[PDB]
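Student: Please read through the structure below; I'll follow up with questions.
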Amino acid sequence: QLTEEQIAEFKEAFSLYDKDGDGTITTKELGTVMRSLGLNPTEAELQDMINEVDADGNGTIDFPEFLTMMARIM
Ligand SMILES: [Ca+2]
Ligand SMILES: [Ca+2]
């Protein structure tokens, strides 16, 4: 049962990571969110996190890939 409200909240969450609005999440953008949680990862640690959900091999996180991260934390 997929609603427009569901889609809107997912969009809101993606947008919190994708600050510059170009549709992909970079290590810089991931780092800003993790440091706000209280963590302090290195650049390489941030790339190992992307590598985990990077289903198309392009090095950064896109919308469907972000959706699988959300599915795992729920
Ligand atoms: Ca971006
Ligand atoms: Ca990707």
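Numbering (my numbering), first residue to last: 1096 to 1169. Yeah, the Cβ is synthetic: ideal placement off N, Cα and C, and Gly gets one too.
#1: Spell out a yes or no on whether the region 1116-1125 and the region 1155-1163 are touching, meaning 3 or more CB-CB pairs, one atom from each, closer than 8 Å.
#2: Taking just the CA atoms, how far does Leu1162 sit from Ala1108?
#3: Distance check for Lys1114 and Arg1167, CA to CA, integer angstroms please.
#4: Any heavy atom of ligand 1 closer than 7 Å to the CB of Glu1147?
#5: Report the start-end ranges of each alpha helix (DSSP H) in the region 1097-1166 that is 4 residues or longer and not cut off at the edges.
Tutor: Walking through what the data contain:
#1: yes
#2: Residue 1108 sits at position 13 when you count from the first residue of the sequence shown. Residue 1162 sits at position 67 when you count from the first residue of the sequence shown. In a straight line, the C-alpha of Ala1108 is about 10 Å away from that of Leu1162.
#3: For the purposes of this step, residue 1167 is taken as the residue at position 72 of the sequence shown. For the purposes of this step, residue 1114 is taken as the residue at position 19 of the sequence shown. In a straight line, the C-alpha of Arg1167 is about 23 Å away from that of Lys1114.
#4: Taking the sequence shown and counting its residues from 1, the one referred to as residue 1147 is at position 52. No, Cβ of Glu1147 sits at least 7 Å from all heavy atoms of ligand 1.
#5: 1099-1112, 1122-1132 and 1138-1148
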